Amino acid sequence: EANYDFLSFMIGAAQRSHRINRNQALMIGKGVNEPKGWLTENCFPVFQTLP
Amino acid sequence: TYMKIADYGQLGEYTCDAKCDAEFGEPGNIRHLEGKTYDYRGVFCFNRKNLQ
Amino acid sequence: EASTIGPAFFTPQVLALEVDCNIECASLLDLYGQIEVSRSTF
Amino acid sequence: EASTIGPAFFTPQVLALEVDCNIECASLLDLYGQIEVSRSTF
Amino acid sequence: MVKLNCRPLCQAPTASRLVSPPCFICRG
Amino acid sequence: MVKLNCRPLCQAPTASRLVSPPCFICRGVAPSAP
Amino acid sequence: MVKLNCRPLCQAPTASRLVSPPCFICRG
Amino acid sequence: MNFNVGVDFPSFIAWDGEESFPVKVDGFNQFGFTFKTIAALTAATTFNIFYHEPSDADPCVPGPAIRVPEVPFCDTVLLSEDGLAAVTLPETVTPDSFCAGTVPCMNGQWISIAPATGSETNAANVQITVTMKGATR
Amino acid sequence: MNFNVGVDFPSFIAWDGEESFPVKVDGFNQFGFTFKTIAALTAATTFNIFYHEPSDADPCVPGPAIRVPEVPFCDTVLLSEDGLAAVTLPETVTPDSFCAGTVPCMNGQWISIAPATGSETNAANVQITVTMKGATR
C-alpha cells in the first residue's frame, strides 16, 4: 500500500546523500575513515593578503 | 491535494572499521498537503425605467 | 517507513456493496376497491 | 444536505505536482584526476 | 447554523421470551 | 514503539543584513608626507 | 432613501519635492 | 495496522469543563467539533462560538473574543434571535455517545467555544474538542 | 466550505492535565494521539500507555487498566528497558506546536494515557487527545 512509492525514494535519497558526502570528504576529510582532503592536508602553497 | 518532500535525511557515513554507531541514519518526510478555492458572488439591480 | 506516517498515504479500496437494513410492510392496496376520480369532490 | 455531512463524500482533485525546493550543493568531482583501481592498498 | 448528528457507541443486547400456544384445554 | 512527529503552528520570518565591500583604500600612496 | 452625491469646488494646489539620490558616500 | 493519524487530522481541546482554549485554524482549512458528555445532564445546554484575530502586538497570539455570526442554509427557520451562532446540546443525551457540529463559514484564525450564560451549571460535564482536516502550509 | 469533520474522525480528551480518561476504540479501527503543550516544559516528560478490557459487571464500562506491551519494528534499538510502550515529549517543544504518534498494535477495547512517575508535575502543562478513523459499525 502507500501509493507514494517509498523504496524508489530511499534508493534516491541514498545516492544523493552519498554524492554530497563524497564531495564533502575529498575536501576536508580528516585522515582516518575519510580520505585526506586537500583543504585539511594543507600542503598547497598558501598566499594571504595584507590589511 | 499535493505532496511536499520536506527533506531527505542522512544515511550512515564512511566507516573504515566497524564501530557500529550510525547504522540506519534518519529519513525524511513527505508531508501531504491540501488547499481550497474561493469565489466572488456579487449582484445589482435597476428597476425598469431608469434603465430604459 | 512503517505505518507511523499519516493516513493519506494508504488509499482504501472502495468496494461496491450497499447495506440497506431497512424494512417496509406488505400492501393491502390490490384488495381494496380500485376507482378513479377526476374532480376533487364526488 | 451539504457542509454538515461528513468529510468523505467529497473527493479532492489530486493534482500532479510535487514541490521539492532542496538544493544539493554544486559538483566538484570532474576536475580531480580519475583512476579506476582494484583490490585496496595500491 | 450548526446541526448535530449523534450516534451511540456501545449497543445493548435484545432478549425476549418465546411463549408459544398453551396446552390444549377444553372449555367445559 | 511510538515515533513522534512535530510541526510548528506559526513559522517565524528570518531577517539578515547585506554587508557589501567598502570603497577602495590603497596600501600607501607614493607621493605623501610623514 | 437619499443618495448623497458630493464633489469638491476648489482643488488645493499641490507641490511635491522631487528628491533624488544623494551623492555616493562610503560606509566607513 | 493502524495509521499515525495525528498528523493529517490533529485534534486539540476547546473546553475541558472549566476553561476555553483558542485553537488555531489558519494552518488548516477544515475543522469541526466533537462533543462528549461525562455524566447525565439536567436540562438543555447551550454553547456560544467565538472567533479570534491575530493580536495587534504579537502576530502568533490570539486577540480578543469576537462572536461569529451565523448564516442560514436555504431552509432555516429557527433563525436564532440576535443573528449569532450557538449550539444546543439536547437534553437526554447519554454518555458513550458523541455529537459533531461545525460552523459553515470560517472567519478569523482562532476559534473557541464557551458555555452560554444561564447554562454554565451542567456545562462542567461536557467536553468539546476540535479536529482539523488537511494542512495547507 | 468546511465539512462536519466531527463524524468521520471524531476526537476525545485523553489527558486534560489533571486526570486521565479512557476512550473507547472498539467502534473504530485506527487511532492516534495529538500532544500539545500549554506552557514551556522543564525536562523530558514521559507518559505510559494503558489499555482496558470490558468489565464483567457491565460490558459498556472499562475494567481495570493493563499496560500495553511494546512492539519493535526493525529500527528499534532503545527498547525502553521494560517492554511496555511509552511516549516521551522531548524538551524544547514550544507551546505552539503539536506532536503526533500512536501504538502499532491495539488490544482490548479502550486506551488511556497517564504521566509516568517523575514527570508528574510537568504533565500538568500538556494536553493529549485521541482521534479515531472510519467506523466499523
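Residues numbered from 1 in each chain as written, not as in the entry; some residues may be left out. Chains lettered and ligands numbered in written order. Part of a larger assembly, values for the part shown. Heavy atoms only, no water.

The record lists cryo-EM as the method behind this PDB entry and 3.45 Å as its resolution.

S.K.: Quick rundown of the overall build of chain A? Include the residues and the values.
M.R.: Regarding its fold elements, chain A presents two helices and zero strands. A compact globule built from 51 residues should have a C-alpha radius of gyration of about 10 Å, whereas chain A, at 18 Å, is more than 25% larger. Expressed along its principal axes, the backbone C-alpha trace of chain A runs to roughly 65 × 30 × 10 Å. With 51 residues in all, chain A has 22% of them scored as buried. When the accessible area of chain A is evaluated, it comes to approximately 4,000 Å², of which 61% is carbon and sulfur surface. Placing the 5 positive and 4 negative side-chain charges of chain A at their respective mean positions leaves the two points 12 Å apart. (Helix = DSSP H or I, 4+ residues; strand = E, 2+ residues; numbered from the N terminus. Rg over C-alpha atoms; globule rule 2.2 N^0.38 Å. Buried < 20%, exposed > 50% of the residue type's maximum accessible area, 1.4 Å probe, protein only. Areas by Shrake-Rupley, 256 points an atom, 1.4 Å probe, with all protein chains shown as cover. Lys, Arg positive; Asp, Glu negative; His and termini not counted. Charge placed at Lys NZ, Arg CZ, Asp CG, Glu CD.)

S.K.: Requested: an account of the interface of chain H and chain I, with residues and values cited.
M.R.: Contact residues are listed per partner, giving 38 residues for chain H and 37 residues for chain I. Taken together, the two surfaces of chain H and chain I that pack against each other cover about 3,000 Å², and 64% of this comes from carbon and sulfur. At the surface where chain H touches chain I, the tally comes to zero salt bridges. The interface formed by chain H and chain I contains 12 residue pairs in polar contact. Only β1 (11–15), β3 (31–33) and β10 (128–132) of chain H provide two or more residues apiece to the side of chain H that touches chain I. For the side of chain H that touches chain I, the per-class residue count stands at 22 nonpolar, 13 polar and three charged. (Contact = heavy atoms within 4.5 Å. Buried area = accessible area lost by both parts, 1.4 Å probe. Salt bridge = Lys/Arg side-chain N within 4 Å of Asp/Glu carboxyl O. Polar contact = N/O pair within 3.5 Å; in protein donor to acceptor, adjacent residues only side chain to side chain. Nonpolar A, V, L, I, M, F, W, Y, C, P; charged D, E, K, R; others polar.)

S.K.: I'd like a rundown of the state of the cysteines, residues and numbers included.
M.R.: A full pass over the atoms with the stated rule returns five disulfides over all chains. The disulfide partner of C6 of chain E is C99 of chain H, and the S-S distance across this bridge is 2.0 Å. Linking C6 of chain E and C99 of chain H, the disulfide has an S-S dihedral of approximately 110° and is accordingly described as right-handed. Taken together, the residues span two chains, with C6 of chain E in the segment before β1 (7–8) and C99 of chain H in strand β8 (residues 97–99). By relative accessible area, which is 2% here, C99 of chain H ends up buried. For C23 of chain E, which is in no disulfide, the shortest distance to another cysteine sulfur is to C26 of chain E and amounts to 12 Å. According to the relative accessible area criterion, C23 of chain E is exposed, its value standing at 65%. With no disulfide partner, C105 of chain I has as its closest neighbouring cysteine sulfur the one in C74 of chain I, 13 Å distant. (Disulfide = S-S within 2.5 Å.)

S.K.: Talk me through the sheet that holds β8 of chain H; I want residue IDs and the actual numbers.
M.R.: The sheet built from three strands is open, its strands ordered β1(E)-β8(H)-β4(H) with antiparallel pairing. With partners counted over all chains shown, the strands left at the sheet margins are β1 of chain E together with β4 (35–36) of chain H, one partner each. Bridge analysis of β1 of chain E against β8 of chain H gives two bridges, and the strand direction is antiparallel. Considered in β8 of chain H, the bridge of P8 of chain E is made with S97 of chain H. (Pairing = 2+ DSSP bridges.)

S.K.: Report on the side chain of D16 of chain I, specifying residues and quantitative values.
M.R.: Looking at the secondary structure, you find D16 of chain I in the loop between β1 (11–15) and β2 (23–24). We note that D16 of chain I is buried and unpaired, the nearest opposite charge coming from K36 of chain H at a distance of 13 Å. For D16 of chain I, the side chain forms a polar contact with the main-chain nitrogen of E18 of chain I, separated by 3.2 Å. A polar side-chain atom of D16 of chain I sits 3.0 Å from the main-chain amide nitrogen of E19 of chain I. Setting aside chain neighbours within four positions, we find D16 of chain I in contact with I13 and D16 of chain H together with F21 and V126 of chain I.

S.K.: Tell me about the relation of the copies chain H and chain I, and name the residues and values.
M.R.: Superposition of the two copies of the chain requires a rotation about an axis together with a shift along that axis. When chain H is fitted to chain I, the residual RMSD is 0.4 Å, and the transformation amounts to a turn of 180° plus an axial shift of 0.0 Å. Here the symmetry operator amounts to a two-fold rotation axis. Mapped onto chain I, 92% of the interface residues of chain H again fall at the interface, so both copies present the same surface. (Least-squares fit on C-alpha atoms.)

S.K.: Any chance you could break down the pairing of β10 of chain H for me, citing the residues and the numbers?
M.R.: Residues and elements named next belong to chain H. Along β10, five of the five residues are buried, which leaves the element largely enclosed by surrounding structure. Every second residue of β10 is oriented toward a common face, with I128, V130 and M132 on one face and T129 and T131 on the other, all of them buried. Pairing analysis gives four bridges linking β1 to β10, with the strands arranged antiparallel. Directly across from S11, in β10, lies its bridge partner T131. Sheet analysis places β3 next to β10, joined by three bridges and oriented antiparallel.

S.K.: Describe a negative patch on the surface, naming the residues involved and giving the relevant values.
M.R.: Residues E18 and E19 of chain H together with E18 and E19 of chain I make up a contiguous surface patch of negative charge. Summarising the element assignment, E18 of chain H is placed in the loop between β1 and β2 (23–24). (Patch = residues over 30% accessible without salt bridge, like charges linked within 9 Å, V, L, I, M, F, W, Y side chains within 5 Å.)

S.K.: Report on the pattern of salt bridges, specifying residues and quantitative values.
M.R.: All names here are of chain I. Throughout the structure, instances matching the rule amount to three salt bridges over all chains. Between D26 and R137 there is a salt bridge whose closest N-O contact spans 3.4 Å. Placement of the pair is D26 in the loop between β2 and β3 (31–37) and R137 in the segment after β9 (126–132), with a sequence separation of 111 residues. Since its relative accessible area comes to 28%, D26 is described here as partly exposed.

S.K.: How would you explain the layout of surface pockets if you had to name every residue and give the values?
M.R.: The volume enclosed by the largest pocket comes to roughly 1,400 Å³. Along the wall of the largest pocket there are 46 residues; nearest its centre are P7, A8, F10, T11 and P12 of chain C. Put simply, the parts of the chain that give the lining of the largest pocket at least two residues each are β1 (2–4) and β2 (32–33) of chain B. (1 Å grid on protein atoms, 1.4 Å probe; cavity = no way out; pocket = protein on both sides within 12 Å on 5 of 7 lines; lining within 4 Å. Points joined across faces, edges and corners; volume = space filled by probe spheres on them.)

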